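Note: the block below is structure_35.cif and it holds mmCIF, C-alpha atoms and all ligand atoms; chains and numbers go by the auth columns.
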data_query
#
loop_
_atom_site.group_PDB
_atom_site.id
_atom_site.type_symbol
_atom_site.label_atom_id
_atom_site.label_comp_id
_atom_site.label_asym_id
_atom_site.label_seq_id
_atom_site.Cartn_x
_atom_site.Cartn_y
_atom_site.Cartn_z
_atom_site.B_iso_or_equiv
_atom_site.auth_seq_id
_atom_site.auth_asym_id
ATOM 1 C CA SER A 1 -26.523 0.737 15.350 0.00 19 A
ATOM 2 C CA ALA A 2 -27.739 0.957 11.750 0.00 20 A
ATOM 3 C CA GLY A 3 -28.022 4.770 12.109 0.00 21 A
ATOM 4 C CA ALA A 4 -24.804 5.248 14.111 0.00 22 A
ATOM 5 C CA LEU A 5 -22.897 3.109 11.696 0.00 23 A
ATOM 6 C CA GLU A 6 -24.403 4.895 8.634 0.00 24 A
ATOM 7 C CA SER A 7 -23.347 8.271 10.111 0.00 25 A
ATOM 8 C CA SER A 8 -19.750 7.110 10.670 0.00 26 A
ATOM 9 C CA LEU A 9 -19.435 5.542 7.243 0.00 27 A
ATOM 10 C CA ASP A 10 -20.789 8.619 5.478 0.00 28 A
ATOM 11 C CA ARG A 11 -18.351 10.860 7.309 0.00 29 A
ATOM 12 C CA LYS A 12 -15.400 8.486 6.692 0.00 30 A
ATOM 13 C CA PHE A 13 -16.128 7.621 3.068 0.00 31 A
ATOM 14 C CA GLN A 14 -16.730 11.286 2.106 0.00 32 A
ATOM 15 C CA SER A 15 -13.403 12.285 3.536 0.00 33 A
ATOM 16 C CA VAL A 16 -10.940 9.490 2.609 0.00 34 A
ATOM 17 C CA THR A 17 -7.975 10.955 0.802 0.00 35 A
ATOM 18 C CA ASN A 18 -4.823 9.688 -0.927 0.00 36 A
ATOM 19 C CA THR A 19 -2.435 9.723 2.076 0.00 37 A
ATOM 20 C CA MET A 20 -1.111 6.536 3.673 0.00 38 A
ATOM 21 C CA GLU A 21 -2.451 7.828 7.046 0.00 39 A
ATOM 22 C CA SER A 22 -5.948 8.454 5.708 0.00 40 A
ATOM 23 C CA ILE A 23 -6.139 5.097 4.036 0.00 41 A
ATOM 24 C CA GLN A 24 -4.607 3.041 6.800 0.00 42 A
ATOM 25 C CA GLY A 25 -6.683 4.750 9.522 0.00 43 A
ATOM 26 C CA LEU A 26 -9.913 3.993 7.743 0.00 44 A
ATOM 27 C CA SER A 27 -8.789 0.504 6.753 0.00 45 A
ATOM 28 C CA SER A 28 -8.073 -0.279 10.400 0.00 46 A
ATOM 29 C CA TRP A 29 -11.467 1.054 11.469 0.00 47 A
ATOM 30 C CA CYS A 30 -13.155 -1.150 8.863 0.00 48 A
ATOM 31 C CA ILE A 31 -11.240 -4.207 10.014 0.00 49 A
ATOM 32 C CA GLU A 32 -12.078 -3.449 13.699 0.00 50 A
ATOM 33 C CA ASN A 33 -15.715 -3.380 12.574 0.00 51 A
ATOM 34 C CA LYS A 34 -15.598 -6.632 10.610 0.00 52 A
ATOM 35 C CA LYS A 35 -18.972 -7.642 12.225 0.00 53 A
ATOM 36 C CA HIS A 36 -20.571 -5.041 9.959 0.00 54 A
ATOM 37 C CA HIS A 37 -18.735 -6.038 6.797 0.00 55 A
ATOM 38 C CA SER A 38 -21.851 -6.157 4.688 0.00 56 A
ATOM 39 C CA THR A 39 -23.000 -2.640 5.772 0.00 57 A
ATOM 40 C CA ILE A 40 -19.481 -1.307 5.248 0.00 58 A
ATOM 41 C CA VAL A 41 -19.291 -2.566 1.676 0.00 59 A
ATOM 42 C CA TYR A 42 -22.880 -1.349 0.952 0.00 60 A
ATOM 43 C CA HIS A 43 -21.942 2.230 1.987 0.00 61 A
ATOM 44 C CA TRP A 44 -18.551 2.040 0.258 0.00 62 A
ATOM 45 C CA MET A 45 -20.363 1.250 -3.009 0.00 63 A
ATOM 46 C CA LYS A 46 -23.001 3.973 -2.418 0.00 64 A
ATOM 47 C CA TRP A 47 -20.129 6.489 -2.114 0.00 65 A
ATOM 48 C CA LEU A 48 -18.298 5.094 -5.102 0.00 66 A
ATOM 49 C CA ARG A 49 -21.410 5.573 -7.298 0.00 67 A
ATOM 50 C CA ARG A 50 -22.027 9.150 -6.125 0.00 68 A
ATOM 51 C CA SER A 51 -18.378 10.284 -6.402 0.00 69 A
ATOM 52 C CA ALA A 52 -16.359 11.702 -9.278 0.00 70 A
ATOM 53 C CA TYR A 53 -13.263 9.921 -10.596 0.00 71 A
ATOM 54 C CA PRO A 54 -10.633 11.338 -8.218 0.00 72 A
ATOM 55 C CA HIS A 55 -12.530 10.382 -5.104 0.00 73 A
ATOM 56 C CA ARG A 56 -13.476 7.033 -6.629 0.00 74 A
ATOM 57 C CA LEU A 57 -9.756 6.270 -6.897 0.00 75 A
ATOM 58 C CA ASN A 58 -9.251 7.070 -3.151 0.00 76 A
ATOM 59 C CA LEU A 59 -12.102 4.778 -2.321 0.00 77 A
ATOM 60 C CA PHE A 60 -10.391 2.039 -4.413 0.00 78 A
ATOM 61 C CA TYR A 61 -7.188 2.656 -2.433 0.00 79 A
ATOM 62 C CA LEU A 62 -9.173 2.087 0.755 0.00 80 A
ATOM 63 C CA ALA A 63 -10.719 -1.072 -0.674 0.00 81 A
ATOM 64 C CA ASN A 64 -7.294 -2.381 -1.706 0.00 82 A
ATOM 65 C CA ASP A 65 -5.886 -1.733 1.767 0.00 83 A
ATOM 66 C CA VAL A 66 -8.794 -3.549 3.465 0.00 84 A
ATOM 67 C CA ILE A 67 -8.716 -6.457 0.977 0.00 85 A
ATOM 68 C CA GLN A 68 -4.955 -6.862 1.402 0.00 86 A
ATOM 69 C CA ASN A 69 -4.742 -6.558 5.191 0.00 87 A
ATOM 70 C CA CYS A 70 -7.985 -8.243 6.285 0.00 88 A
ATOM 71 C CA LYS A 71 -6.415 -11.688 6.021 0.00 89 A
ATOM 72 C CA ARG A 72 -3.622 -11.142 8.559 0.00 90 A
ATOM 73 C CA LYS A 73 -6.138 -9.289 10.773 0.00 91 A
ATOM 74 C CA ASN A 74 -8.501 -12.295 10.962 0.00 92 A
ATOM 75 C CA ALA A 75 -11.139 -10.522 8.857 0.00 93 A
ATOM 76 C CA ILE A 76 -10.880 -12.403 5.543 0.00 94 A
ATOM 77 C CA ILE A 77 -14.721 -12.057 5.122 0.00 95 A
ATOM 78 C CA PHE A 78 -14.045 -8.603 3.557 0.00 96 A
ATOM 79 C CA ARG A 79 -12.573 -10.288 0.450 0.00 97 A
ATOM 80 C CA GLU A 80 -15.855 -12.120 -0.187 0.00 98 A
ATOM 81 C CA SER A 81 -17.909 -9.008 0.741 0.00 99 A
ATOM 82 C CA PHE A 82 -16.017 -6.731 -1.694 0.00 100 A
ATOM 83 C CA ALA A 83 -16.358 -9.363 -4.469 0.00 101 A
ATOM 84 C CA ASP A 84 -20.135 -8.502 -4.444 0.00 102 A
ATOM 85 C CA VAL A 85 -19.394 -4.975 -5.724 0.00 103 A
ATOM 86 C CA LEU A 86 -16.069 -5.163 -7.573 0.00 104 A
ATOM 87 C CA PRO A 87 -17.410 -5.955 -11.073 0.00 105 A
ATOM 88 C CA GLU A 88 -19.793 -2.979 -10.973 0.00 106 A
ATOM 89 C CA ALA A 89 -17.177 -0.805 -9.295 0.00 107 A
ATOM 90 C CA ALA A 90 -14.487 -1.562 -11.907 0.00 108 A
ATOM 91 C CA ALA A 91 -16.693 -0.092 -14.610 0.00 109 A
ATOM 92 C CA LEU A 92 -16.997 3.210 -12.711 0.00 110 A
ATOM 93 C CA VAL A 93 -13.193 3.749 -12.853 0.00 111 A
ATOM 94 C CA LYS A 94 -12.592 3.173 -16.568 0.00 112 A
ATOM 95 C CA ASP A 95 -11.563 6.779 -17.233 0.00 113 A
ATOM 96 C CA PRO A 96 -7.842 6.984 -18.111 0.00 114 A
ATOM 97 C CA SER A 97 -7.301 9.568 -15.334 0.00 115 A
ATOM 98 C CA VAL A 98 -7.604 6.676 -12.834 0.00 116 A
ATOM 99 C CA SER A 99 -7.878 3.251 -14.620 0.00 117 A
ATOM 100 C CA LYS A 100 -4.107 2.626 -14.603 0.00 118 A
ATOM 101 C CA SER A 101 -3.962 2.883 -10.845 0.00 119 A
ATOM 102 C CA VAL A 102 -6.901 0.504 -10.541 0.00 120 A
ATOM 103 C CA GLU A 103 -5.405 -1.862 -13.114 0.00 121 A
ATOM 104 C CA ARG A 104 -2.261 -1.948 -10.909 0.00 122 A
ATOM 105 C CA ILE A 105 -4.367 -2.950 -7.875 0.00 123 A
ATOM 106 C CA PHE A 106 -5.978 -5.740 -9.917 0.00 124 A
ATOM 107 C CA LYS A 107 -2.475 -6.971 -11.053 0.00 125 A
ATOM 108 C CA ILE A 108 -1.281 -7.042 -7.434 0.00 126 A
ATOM 109 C CA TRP A 109 -4.345 -9.171 -6.470 0.00 127 A
ATOM 110 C CA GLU A 110 -3.820 -11.473 -9.441 0.00 128 A
ATOM 111 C CA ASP A 111 -0.151 -12.111 -8.715 0.00 129 A
ATOM 112 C CA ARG A 112 -0.859 -13.026 -5.088 0.00 130 A
ATOM 113 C CA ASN A 113 -4.028 -15.053 -5.784 0.00 131 A
ATOM 114 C CA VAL A 114 -6.042 -12.668 -3.559 0.00 132 A
ATOM 115 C CA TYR A 115 -8.922 -13.428 -5.965 0.00 133 A
ATOM 116 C CA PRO A 116 -9.097 -16.146 -8.588 0.00 134 A
ATOM 117 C CA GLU A 117 -8.003 -15.604 -12.178 0.00 135 A
ATOM 118 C CA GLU A 118 -11.489 -15.666 -13.684 0.00 136 A
ATOM 119 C CA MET A 119 -12.646 -12.921 -11.308 0.00 137 A
ATOM 120 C CA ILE A 120 -9.645 -10.685 -12.161 0.00 138 A
ATOM 121 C CA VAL A 121 -10.226 -11.237 -15.919 0.00 139 A
ATOM 122 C CA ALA A 122 -13.835 -10.097 -15.454 0.00 140 A
ATOM 123 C CA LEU A 123 -12.689 -7.018 -13.526 0.00 141 A
ATOM 124 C CA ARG A 124 -10.009 -6.024 -16.120 0.00 142 A
ATOM 125 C CA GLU A 125 -12.497 -6.337 -18.897 0.00 143 A
ATOM 126 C CA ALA A 126 -14.870 -3.994 -16.984 0.00 144 A
ATOM 127 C CA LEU A 127 -11.994 -1.560 -16.600 0.00 145 A
ATOM 128 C CA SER A 128 -11.330 -1.776 -20.395 0.00 146 A
ATOM 129 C CA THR A 129 -7.600 -2.495 -19.755 0.00 147 A
ATOM 130 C CA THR A 130 -8.027 -5.973 -21.219 0.00 148 A
ATOM 131 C CA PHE A 131 -10.343 -6.715 -24.203 0.00 149 A
ATOM 132 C CA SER B 1 25.731 7.429 -14.911 0.00 19 B
ATOM 133 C CA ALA B 2 26.920 7.494 -11.295 0.00 20 B
ATOM 134 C CA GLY B 3 26.464 11.307 -11.243 0.00 21 B
ATOM 135 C CA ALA B 4 23.194 11.369 -13.216 0.00 22 B
ATOM 136 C CA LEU B 5 21.757 8.661 -11.063 0.00 23 B
ATOM 137 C CA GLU B 6 22.924 10.366 -7.813 0.00 24 B
ATOM 138 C CA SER B 7 21.227 13.615 -8.933 0.00 25 B
ATOM 139 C CA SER B 8 17.913 11.853 -9.650 0.00 26 B
ATOM 140 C CA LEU B 9 17.939 9.899 -6.412 0.00 27 B
ATOM 141 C CA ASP B 10 18.697 12.972 -4.316 0.00 28 B
ATOM 142 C CA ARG B 11 15.856 14.887 -5.923 0.00 29 B
ATOM 143 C CA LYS B 12 13.421 11.940 -5.592 0.00 30 B
ATOM 144 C CA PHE B 13 14.338 10.850 -2.074 0.00 31 B
ATOM 145 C CA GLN B 14 14.238 14.438 -0.722 0.00 32 B
ATOM 146 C CA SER B 15 10.766 14.929 -2.071 0.00 33 B
ATOM 147 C CA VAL B 16 8.894 11.632 -1.472 0.00 34 B
ATOM 148 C CA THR B 17 5.721 12.301 0.450 0.00 35 B
ATOM 149 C CA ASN B 18 2.888 10.278 2.002 0.00 36 B
ATOM 150 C CA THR B 19 0.507 10.174 -1.005 0.00 37 B
ATOM 151 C CA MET B 20 -0.198 6.981 -2.946 0.00 38 B
ATOM 152 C CA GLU B 21 0.834 8.857 -6.148 0.00 39 B
ATOM 153 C CA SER B 22 4.160 9.995 -4.715 0.00 40 B
ATOM 154 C CA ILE B 23 5.007 6.578 -3.407 0.00 41 B
ATOM 155 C CA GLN B 24 3.870 4.572 -6.390 0.00 42 B
ATOM 156 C CA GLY B 25 5.552 6.927 -8.893 0.00 43 B
ATOM 157 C CA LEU B 26 8.885 6.617 -7.172 0.00 44 B
ATOM 158 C CA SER B 27 8.459 2.893 -6.570 0.00 45 B
ATOM 159 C CA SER B 28 7.869 2.379 -10.287 0.00 46 B
ATOM 160 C CA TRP B 29 10.934 4.443 -11.173 0.00 47 B
ATOM 161 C CA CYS B 30 13.040 2.339 -8.799 0.00 48 B
ATOM 162 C CA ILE B 31 11.734 -0.888 -10.288 0.00 49 B
ATOM 163 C CA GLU B 32 12.373 0.404 -13.863 0.00 50 B
ATOM 164 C CA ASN B 33 15.941 1.048 -12.699 0.00 51 B
ATOM 165 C CA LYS B 34 16.469 -2.356 -11.094 0.00 52 B
ATOM 166 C CA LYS B 35 19.957 -2.524 -12.772 0.00 53 B
ATOM 167 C CA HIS B 36 21.052 0.078 -10.226 0.00 54 B
ATOM 168 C CA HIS B 37 19.473 -1.582 -7.207 0.00 55 B
ATOM 169 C CA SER B 38 22.576 -1.325 -5.091 0.00 56 B
ATOM 170 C CA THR B 39 23.019 2.441 -5.783 0.00 57 B
ATOM 171 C CA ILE B 40 19.316 3.012 -5.156 0.00 58 B
ATOM 172 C CA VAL B 41 19.408 1.367 -1.741 0.00 59 B
ATOM 173 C CA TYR B 42 22.704 3.165 -0.854 0.00 60 B
ATOM 174 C CA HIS B 43 21.087 6.588 -1.512 0.00 61 B
ATOM 175 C CA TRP B 44 17.813 5.570 0.152 0.00 62 B
ATOM 176 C CA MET B 45 19.777 4.798 3.335 0.00 63 B
ATOM 177 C CA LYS B 46 21.839 8.023 3.063 0.00 64 B
ATOM 178 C CA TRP B 47 18.535 9.960 3.000 0.00 65 B
ATOM 179 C CA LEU B 48 17.036 7.931 5.803 0.00 66 B
ATOM 180 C CA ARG B 49 20.021 8.760 8.069 0.00 67 B
ATOM 181 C CA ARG B 50 19.930 12.493 7.290 0.00 68 B
ATOM 182 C CA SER B 51 16.134 12.872 7.649 0.00 69 B
ATOM 183 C CA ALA B 52 13.911 13.563 10.638 0.00 70 B
ATOM 184 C CA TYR B 53 11.227 11.093 11.727 0.00 71 B
ATOM 185 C CA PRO B 54 8.350 12.224 9.486 0.00 72 B
ATOM 186 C CA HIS B 55 10.363 11.986 6.308 0.00 73 B
ATOM 187 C CA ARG B 56 11.947 8.737 7.478 0.00 74 B
ATOM 188 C CA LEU B 57 8.446 7.252 7.625 0.00 75 B
ATOM 189 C CA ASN B 58 7.759 8.334 3.980 0.00 76 B
ATOM 190 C CA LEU B 59 10.986 6.732 2.940 0.00 77 B
ATOM 191 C CA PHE B 60 9.853 3.510 4.711 0.00 78 B
ATOM 192 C CA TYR B 61 6.571 3.709 2.775 0.00 79 B
ATOM 193 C CA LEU B 62 8.595 3.873 -0.434 0.00 80 B
ATOM 194 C CA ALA B 63 10.732 0.934 0.667 0.00 81 B
ATOM 195 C CA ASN B 64 7.632 -1.108 1.518 0.00 82 B
ATOM 196 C CA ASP B 65 6.090 -0.377 -1.880 0.00 83 B
ATOM 197 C CA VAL B 66 9.274 -1.410 -3.732 0.00 84 B
ATOM 198 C CA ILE B 67 9.781 -4.528 -1.568 0.00 85 B
ATOM 199 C CA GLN B 68 6.162 -5.598 -2.072 0.00 86 B
ATOM 200 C CA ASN B 69 5.856 -4.939 -5.810 0.00 87 B
ATOM 201 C CA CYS B 70 9.350 -5.846 -7.044 0.00 88 B
ATOM 202 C CA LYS B 71 8.471 -9.536 -7.163 0.00 89 B
ATOM 203 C CA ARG B 72 5.600 -9.268 -9.657 0.00 90 B
ATOM 204 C CA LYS B 73 7.691 -6.743 -11.636 0.00 91 B
ATOM 205 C CA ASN B 74 10.584 -9.203 -12.120 0.00 92 B
ATOM 206 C CA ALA B 75 12.856 -7.192 -9.811 0.00 93 B
ATOM 207 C CA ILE B 76 12.996 -9.429 -6.719 0.00 94 B
ATOM 208 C CA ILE B 77 16.704 -8.401 -6.224 0.00 95 B
ATOM 209 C CA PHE B 78 15.395 -5.327 -4.307 0.00 96 B
ATOM 210 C CA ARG B 79 14.305 -7.583 -1.412 0.00 97 B
ATOM 211 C CA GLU B 80 17.883 -8.811 -0.940 0.00 98 B
ATOM 212 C CA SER B 81 19.293 -5.282 -1.510 0.00 99 B
ATOM 213 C CA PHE B 82 17.026 -3.682 1.133 0.00 100 B
ATOM 214 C CA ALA B 83 17.893 -6.480 3.616 0.00 101 B
ATOM 215 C CA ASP B 84 21.435 -4.913 3.722 0.00 102 B
ATOM 216 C CA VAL B 85 20.045 -1.751 5.362 0.00 103 B
ATOM 217 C CA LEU B 86 16.838 -2.767 7.147 0.00 104 B
ATOM 218 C CA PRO B 87 18.342 -3.655 10.556 0.00 105 B
ATOM 219 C CA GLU B 88 20.109 -0.285 10.797 0.00 106 B
ATOM 220 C CA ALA B 89 17.108 1.515 9.333 0.00 107 B
ATOM 221 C CA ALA B 90 14.640 -0.018 11.822 0.00 108 B
ATOM 222 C CA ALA B 91 16.552 1.552 14.689 0.00 109 B
ATOM 223 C CA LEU B 92 16.199 5.034 13.155 0.00 110 B
ATOM 224 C CA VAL B 93 12.363 4.817 13.314 0.00 111 B
ATOM 225 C CA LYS B 94 11.921 3.744 16.941 0.00 112 B
ATOM 226 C CA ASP B 95 10.228 6.996 17.975 0.00 113 B
ATOM 227 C CA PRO B 96 6.546 6.390 18.831 0.00 114 B
ATOM 228 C CA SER B 97 5.492 9.103 16.339 0.00 115 B
ATOM 229 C CA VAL B 98 6.318 6.604 13.548 0.00 116 B
ATOM 230 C CA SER B 99 7.260 3.126 14.963 0.00 117 B
ATOM 231 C CA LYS B 100 3.678 1.796 14.841 0.00 118 B
ATOM 232 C CA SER B 101 3.448 2.418 11.130 0.00 119 B
ATOM 233 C CA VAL B 102 6.786 0.692 10.606 0.00 120 B
ATOM 234 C CA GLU B 103 5.797 -2.177 12.897 0.00 121 B
ATOM 235 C CA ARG B 104 2.704 -2.628 10.663 0.00 122 B
ATOM 236 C CA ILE B 105 4.931 -2.880 7.561 0.00 123 B
ATOM 237 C CA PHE B 106 7.069 -5.511 9.311 0.00 124 B
ATOM 238 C CA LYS B 107 3.878 -7.504 10.274 0.00 125 B
ATOM 239 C CA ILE B 108 2.681 -7.416 6.655 0.00 126 B
ATOM 240 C CA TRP B 109 6.087 -8.804 5.503 0.00 127 B
ATOM 241 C CA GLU B 110 6.043 -11.468 8.206 0.00 128 B
ATOM 242 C CA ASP B 111 2.557 -12.715 7.379 0.00 129 B
ATOM 243 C CA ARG B 112 3.390 -13.086 3.683 0.00 130 B
ATOM 244 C CA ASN B 113 6.894 -14.532 4.191 0.00 131 B
ATOM 245 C CA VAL B 114 8.392 -11.583 2.253 0.00 132 B
ATOM 246 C CA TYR B 115 11.389 -12.029 4.594 0.00 133 B
ATOM 247 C CA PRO B 116 12.108 -14.926 6.915 0.00 134 B
ATOM 248 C CA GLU B 117 10.968 -14.989 10.531 0.00 135 B
ATOM 249 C CA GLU B 118 14.416 -14.542 12.058 0.00 136 B
ATOM 250 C CA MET B 119 15.001 -11.389 9.999 0.00 137 B
ATOM 251 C CA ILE B 120 11.637 -9.873 11.054 0.00 138 B
ATOM 252 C CA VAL B 121 12.352 -10.699 14.739 0.00 139 B
ATOM 253 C CA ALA B 122 15.670 -8.847 14.434 0.00 140 B
ATOM 254 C CA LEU B 123 13.936 -5.857 12.833 0.00 141 B
ATOM 255 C CA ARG B 124 11.142 -5.676 15.490 0.00 142 B
ATOM 256 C CA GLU B 125 13.673 -5.801 18.244 0.00 143 B
ATOM 257 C CA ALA B 126 15.534 -2.857 16.615 0.00 144 B
ATOM 258 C CA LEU B 127 12.242 -0.991 16.462 0.00 145 B
ATOM 259 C CA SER B 128 11.670 -1.733 20.206 0.00 146 B
ATOM 260 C CA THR B 129 8.140 -3.080 19.455 0.00 147 B
ATOM 261 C CA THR B 130 9.240 -6.548 20.545 0.00 148 B
ATOM 262 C CA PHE B 131 11.686 -7.147 23.457 0.00 149 B
HETATM 263 PR PR PR C . -28.810 6.921 3.415 0.00 1 C
HETATM 264 PR PR PR C . -26.239 10.103 6.124 0.00 2 C
HETATM 265 PR PR PR C . 26.915 12.632 -2.363 0.00 3 C
HETATM 266 PR PR PR C . 23.755 15.532 -4.744 0.00 4 C
#

As structure tokens, the full file:
Amino acid sequence: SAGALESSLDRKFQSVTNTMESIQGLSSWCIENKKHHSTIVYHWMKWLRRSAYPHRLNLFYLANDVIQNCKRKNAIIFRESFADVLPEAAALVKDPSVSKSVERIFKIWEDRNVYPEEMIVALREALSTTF
Amino acid sequence: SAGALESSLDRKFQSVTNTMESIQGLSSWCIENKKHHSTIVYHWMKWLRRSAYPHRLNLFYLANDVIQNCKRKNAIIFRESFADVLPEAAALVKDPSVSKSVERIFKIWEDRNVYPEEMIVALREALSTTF
């Protein structure tokens, strides 16, 4: 389990790209495997730390897709699970090559109340798009 | 205006692809040009009719991105404008190579009340994913 799941997550998080098909395929897999939410987020963050900015952005696209869709898919636990890593993660995507795309994601969450105001403020400060 | 706008829309709608950057770039342009919503939707539909299934799907991704984001961007008129074409458009993406991705988009709209129930029912019937 722990080993099988680690092997899948490594393969999937290494390879996620910027296509709708890549993102939605992996998002669906994550939501199917909601039982393992905490392990999923742990490996997502591991991959975010070890990646360079372009691949960090694709991992943020995956996170956004999961966070958005997990509610209608009866897997709202992912919102709480990702909140564990988002403040640290925001600071790893401050570079202007990617921060505007992440800032957009945070604005979408804010407008829809996906996370509360005070959490989004803390994330935008970490991104350096609000001071 | 009419000619300049037609030339931009042809170029942009021909070329939209399945990447987050392609979709978001064009979505932003559309929202910037909310004054021309009706012309934008007219050319979107023209391109949808003349395209094959794969490119029709990318045009639906663009439509979804506009429809979702136009509210926070003070351009909610696009939701009403796209409603003019969506029933016809749904029927042009019935092929199983793409209908599941479009059905997903319709489910996302339904869950969030982006459009009313009776409109979504009419769209899913046109897609042949509900009978
Ligand atoms: Pr390991
Ligand atoms: Pr490994
Ligand atoms: Pr013409
Ligand atoms: Pr032309």

Within 12 Å of residue 88 of chain A, counting only C-alpha atoms, which residues show up once you throw out same-chain ones fewer than 2 positions away? Write them as an mmCIF file with C-alpha atoms, in the coordinates of the input, please.
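Result went into around-v6.cif, see below:
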data_model
loop_
_atom_site.group_PDB
_atom_site.id
_atom_site.type_symbol
_atom_site.label_atom_id
_atom_site.label_comp_id
_atom_site.auth_asym_id
_atom_site.auth_seq_id
_atom_site.Cartn_x
_atom_site.Cartn_y
_atom_site.Cartn_z
ATOM 1 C CA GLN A 42 -4.607 3.041 6.800
ATOM 2 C CA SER A 45 -8.789 0.504 6.753
ATOM 3 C CA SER A 46 -8.073 -0.279 10.400
ATOM 4 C CA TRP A 47 -11.467 1.054 11.469
ATOM 5 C CA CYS A 48 -13.155 -1.150 8.863
ATOM 6 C CA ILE A 49 -11.240 -4.207 10.014
ATOM 7 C CA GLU A 50 -12.078 -3.449 13.699
ATOM 8 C CA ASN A 51 -15.715 -3.380 12.574
ATOM 9 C CA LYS A 52 -15.598 -6.632 10.610
ATOM 10 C CA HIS A 55 -18.735 -6.038 6.797
ATOM 11 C CA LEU A 80 -9.173 2.087 0.755
ATOM 12 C CA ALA A 81 -10.719 -1.072 -0.674
ATOM 13 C CA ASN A 82 -7.294 -2.381 -1.706
ATOM 14 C CA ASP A 83 -5.886 -1.733 1.767
ATOM 15 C CA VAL A 84 -8.794 -3.549 3.465
ATOM 16 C CA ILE A 85 -8.716 -6.457 0.977
ATOM 17 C CA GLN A 86 -4.955 -6.862 1.402
ATOM 18 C CA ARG A 90 -3.622 -11.142 8.559
ATOM 19 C CA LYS A 91 -6.138 -9.289 10.773
ATOM 20 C CA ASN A 92 -8.501 -12.295 10.962
ATOM 21 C CA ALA A 93 -11.139 -10.522 8.857
ATOM 22 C CA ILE A 94 -10.880 -12.403 5.543
ATOM 23 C CA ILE A 95 -14.721 -12.057 5.122
ATOM 24 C CA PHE A 96 -14.045 -8.603 3.557
ATOM 25 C CA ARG A 97 -12.573 -10.288 0.450
ATOM 26 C CA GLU A 98 -15.855 -12.120 -0.187
ATOM 27 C CA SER A 99 -17.909 -9.008 0.741
ATOM 28 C CA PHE A 100 -16.017 -6.731 -1.694
ATOM 29 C CA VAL A 132 -6.042 -12.668 -3.559
ATOM 30 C CA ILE B 126 2.681 -7.416 6.655
ATOM 31 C CA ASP B 129 2.557 -12.715 7.379
#

- Query: Applied to the shown file, which residues does the PyMOL selection byres ((chain A) within 10 of (chain B)) return, written as a PyMOL selection string?
  - Reply: chain A and resi 35-42+76+79+86-87+89-91+119+125-126+128-130

Take the residues just selected and output them with C-alpha atoms as an mmCIF file, keeping the file's coordinate frame.
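Output file out_10.cif is given in full below:
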data_model
loop_
_atom_site.group_PDB
_atom_site.id
_atom_site.type_symbol
_atom_site.label_atom_id
_atom_site.label_comp_id
_atom_site.auth_asym_id
_atom_site.auth_seq_id
_atom_site.Cartn_x
_atom_site.Cartn_y
_atom_site.Cartn_z
ATOM 1 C CA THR A 35 -7.975 10.955 0.802
ATOM 2 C CA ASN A 36 -4.823 9.688 -0.927
ATOM 3 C CA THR A 37 -2.435 9.723 2.076
ATOM 4 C CA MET A 38 -1.111 6.536 3.673
ATOM 5 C CA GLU A 39 -2.451 7.828 7.046
ATOM 6 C CA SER A 40 -5.948 8.454 5.708
ATOM 7 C CA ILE A 41 -6.139 5.097 4.036
ATOM 8 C CA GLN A 42 -4.607 3.041 6.800
ATOM 9 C CA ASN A 76 -9.251 7.070 -3.151
ATOM 10 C CA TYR A 79 -7.188 2.656 -2.433
ATOM 11 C CA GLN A 86 -4.955 -6.862 1.402
ATOM 12 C CA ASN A 87 -4.742 -6.558 5.191
ATOM 13 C CA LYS A 89 -6.415 -11.688 6.021
ATOM 14 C CA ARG A 90 -3.622 -11.142 8.559
ATOM 15 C CA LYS A 91 -6.138 -9.289 10.773
ATOM 16 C CA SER A 119 -3.962 2.883 -10.845
ATOM 17 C CA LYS A 125 -2.475 -6.971 -11.053
ATOM 18 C CA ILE A 126 -1.281 -7.042 -7.434
ATOM 19 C CA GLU A 128 -3.820 -11.473 -9.441
ATOM 20 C CA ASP A 129 -0.151 -12.111 -8.715
ATOM 21 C CA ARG A 130 -0.859 -13.026 -5.088
#

- Task: Find, counting all atoms listed in the file, the residue in B:144, B:27, B:44, B:101 that gets nearest to ligand PR 3 (chain C).
- Result: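 That would be B:27, the residue with the smallest distance to ligand PR 3 (chain C).
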
- Surrounding residues as a ChimeraX atom specification, ligand PR 1 (chain C), max 10 Å, all atoms listed in the file: /A:21,24-25,28,61,64

- What's the 10 Å shell around residue 62 of chain A, counting all atoms listed in the file, without same-chain residues fewer than 2 positions away, as a list in words? residues 27, 28, 30, 31, 32, 56, 57, 58, 59, 60, 64, 65, 66, 67, 74, 77, 78, 80, 81, 100 and 103 of chain A

- Message: Using the chain letters and numbers from this file, what does the PyMOL selection byres (((chain A and resi 110) around 12) and not hetatm) select? Give the answer as a ChimeraX atom specification.
- Response: /A:63-75,77-78,103-109,111-117,120,141,144-146

- Task: Measure the distance from atom CA of residue 138 of chain A to atom CA of residue 121 of chain A in Å and round it to one decimal.
- Result: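 That distance, rounded to one decimal, is 9.8 Å.
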
- Quick one: distance from atom CA of residue 34 of chain A to atom CA of residue 123 of chain A in Å, one decimal?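 For atom CA of residue 34 of chain A relative to atom CA of residue 123 of chain A, the distance reads 17.5 Å.
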